[PDB]
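Visitor: Quick one: the structure is below, and I'll ask about it shortly.
In UniProt numbering, the protein residues as written are 13 to 45, 50 to 72, 76 to 261, 264 to 476.
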């Protein structure tokens, strides 16, 4: 029994709590111990509710908001985009970080309705101390901000299936936060869940701190209160560029990810024709239901292995997803929302969009320029030279105007001046060894640039 050998070594660790050891051992048990395609059903409009059908007063809206807590997933670092510290503290636009804008937006909500919707940041051991220091700057803000630290699990050395860390030794490299599905046991273990319940809060709105579209939506909250759904996942129509989908399966809604799709149906799953929606990671969950299901040990989400290398040594990081929890909640639904609620910043190409003239900031909210009639955003592709935020900023003296852009692709050592306008289809391909400069004031429209001769 490899399970006993691992549980015994986990028990000797002194860096994490007994609750965390038990949760990790549980994940390992499921990992060590596929959907039936013919049973999958497309959700009806009663199971995935189109946003246009939602039922449309300051004081009554306060009564709704008084039941809400806003939780932002803040356990991840800015590594992908070349930044240290929490991903949420990268600057988005006009010097404001993701977390800055979240705070201003809740301040706006509190002012308009005379409420105090609490903000709860779910940190990880990778972000918690920095976030504690950072949230000192909101001390004078019209907001109640709290934080908690999610679970800390040991990485598993793949070769011998033993924990990487050891008793009484430091080192972040030995550990990992076990995904966003951990929000539910962590809300409980940290004590925040009992406090929220005791305060009369009833629903938590969960979202990634890097989704600029994930604002509190009164119509959605109103629907949940009126119909007592225990869980609502916001989905949005699939495009070619898109993720897990909601299905009806054995009489209730559940998330389906490609990992659970048998090989012979992966192409049908990946197609655009059968599944029309995907999960935005905007989640609304009933707090009493979480407590019930955490205490019943019912939240047995699919294990996501997420393997990694620590100084070239292969490790396992067993994780779970927050969206996968939906199949355990009663009266669970999807809501199919417009894509304006799905604006994740995952790459510097997304920063280009939000920092451009395509958007502006209005009281903390990211507002799309109405002069772009096309509701689709331009496609933007940049080479690895632009991967890191600082390098992306250096290579754009100003952000080009892209209101009329269809698509931009840039590769090679390219440096943009200021005051540039891009229209239609623009490709810029700097050949090997060429440091290509796009001049100040350039207008590029339906143009392929392959060298200085094209400028």
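The beta carbon of each residue, even a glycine, is placed where N, CA and C say it ideally should be.
Should residue 377 be labelled buried (16 or more other beta-carbon atoms within 10 Å of its own) or exposed?
Guide: Numbered from its first residue, the chain shown carries residue 377 at position 356. With 16 or more Cβ atoms within 10 Å of its Cβ, residue 377 is classed as buried.
Visitor: Taking the alpha helix (DSSP H) that residue 354 belongs to, which residues open and close that run?
Guide: Sequence index remark: in the chain shown, residue 354 carries index 333 (1-based). Per DSSP, residue 354 lies in no alpha helix (DSSP H); the unbroken beta strand (DSSP E) holding it starts and ends at 354-357.
Visitor: Taking all protein chains shown into account, do 16 or more other C-beta atoms lie within 10 angstroms of the C-beta of residue 190, making it buried, or fewer, making it exposed?
Guide: For the purposes of this step, residue 190 is taken as residue 171 along the chain shown, with counting starting at 1. Classification for residue 190: exposed.
Visitor: Within the same chain, show all residues whose beta-carbon is closer than 6 Å to that of residue 295, passing over the 5 residues directly before and after it, in chain order.
Guide: Counting from 1 along the chain shown, the entry for residue 295 is found at position 274. Once the five neighbours on either side are set aside, the close Cβ partners of residue 295 are 289.
Visitor: Whose C-alpha, out of 422, 419 and 144, is nearest the C-alpha of residue 168?
Guide: Reading the chain shown from its first residue, position 149 is the one you call residue 168. Check the Cα spacing between residue 168 and each of 422, 419 and 144: the tightest is with 144.
Visitor: Who are the near neighbours of residue 96 in its chain, counting only those whose CB is closer than 8 Å to its CB and skipping five residues on each side?
Guide: To locate residue 96, count along the chain shown from 1; it is residue 77. Cβ within range, chain order: 102, 103, 104, 105, 106, 145 and 146.
Visitor: Just mark residue 35 as buried or exposed, buried being the case when its beta carbon has 16 or more other beta carbons within 10 Å.
Guide: The residue labelled residue 35 in the question sits at position 23 within the chain shown. Residue 35 comes out buried.
Visitor: Tell me which residue opens and which closes the alpha helix (DSSP H) that residue 43 is part of.
Guide: As a first step, residue 43 must be located in the chain shown, where it is residue number 31. Residue 43 -> alpha helix (DSSP H) spans 30-44.
Visitor: Does DSSP put residue 466 in a helix, in a strand, or in coil?
Guide: For the purposes of this step, residue 466 is identified with residue 445 of the chain shown, where counting begins at 1. Strand, per DSSP.
Visitor: Within 10 angstroms of the Cβ of residue 275, are there 16 or more other Cβ atoms? Answer buried if so, exposed if not.
Guide: The residue labelled residue 275 in the question sits at position 254 within the chain shown. Buried, by the Cβ-count rule.
Visitor: Within the continuous beta strand (DSSP E) that includes residue 309, where are the two ends?
Guide: For this step, residue 309 is matched to residue 288 along the chain shown. Where residue 309 is concerned, there is no enclosing beta strand (DSSP E), although the alpha helix (DSSP H) it sits in stretches over 308-316.
Visitor: Going by alpha carbons, who is nearest to residue 112 out of 473, 465, 451 and 414?
Guide: As a working note, residue 112 is residue 93 in the chain shown. With distances taken between Cα atoms, residue 112 lies closest to 414.
Visitor: Indicate the three-state DSSP secondary structure (helix, strand or coil) for residue 342 in the structure shown.
Guide: Here residue 342 refers to the residue found at position 321 of the chain shown. Looking at residue 342 - three-state DSSP - the assignment turns out to be coil, as it is neither helix nor strand.
Visitor: Distance check for residue 252 and residue 302, CA to CA, integer angstroms please.
Guide: Translated into positions along the chain shown, residue 302 becomes position 281. Translated into positions along the chain shown, residue 252 becomes position 233. Those two C-alpha atoms are separated by around 7 Å.
Visitor: Is the segment 213-220 in contact with the segment 193-204, if contact means three or more CB pairs nearer than 8 Å?
Guide: no
Visitor: Could you compute how far the alpha carbon of residue 287 sits from the alpha carbon of residue 279?
Guide: The count along the chain shown starts at 1 and reaches residue 287 at position 266. The count along the chain shown starts at 1 and reaches residue 279 at position 258. Cα atoms of residue 287 and residue 279: separation of roughly 7 Å, rounded to the nearest angstrom.
Visitor: Scan the segment 76-119 and note each continuous alpha helix (DSSP H) run of 4 residues or more that stays entirely inside, going in chain order.
Guide: 77-84
Visitor: Counting only the same chain and skipping the five closest in sequence on each side, list residues whose C-beta sits under 8 Å from that of residue 422.
Guide: Stepping through the chain shown from its first residue, residue 422 is reached at position 401. Contacts found: 377, 378, 441, 442 and 443.
Visitor: Determine the closest residue to residue 89 out of 335, 223 and 461, with distance taken between C-alpha atoms.
Guide: Position 70 of the chain shown holds residue 89. Nearest C-alpha to residue 89: 223.
Visitor: With burial defined as no fewer than 16 other Cβ atoms inside 10 Å of the residue's Cβ, what is the status of residue 47: buried or exposed?
Guide: Absent from the coordinates is residue 47, which sits in the stretch where the chain moves from 45 straight to 50.
Visitor: Just the Cα atoms here: how many angstroms apart are residue 15 and residue 23?
Guide: Numbered from its first residue, the chain shown carries residue 15 at position 3. Numbered from its first residue, the chain shown carries residue 23 at position 11. Rounded to the nearest angstrom, the two C-alpha atoms are 12 Å apart.
Visitor: Quick test of your reading: residue 432 and residue 404, contact by CB under 8 Å. State the CB separation rounded to the nearest angstrom.
Guide: Within the chain shown, numbered from 1, the residue matching residue 432 stands at position 411. Within the chain shown, numbered from 1, the residue matching residue 404 stands at position 383. About 4 Å; that satisfies the 8 Å criterion.
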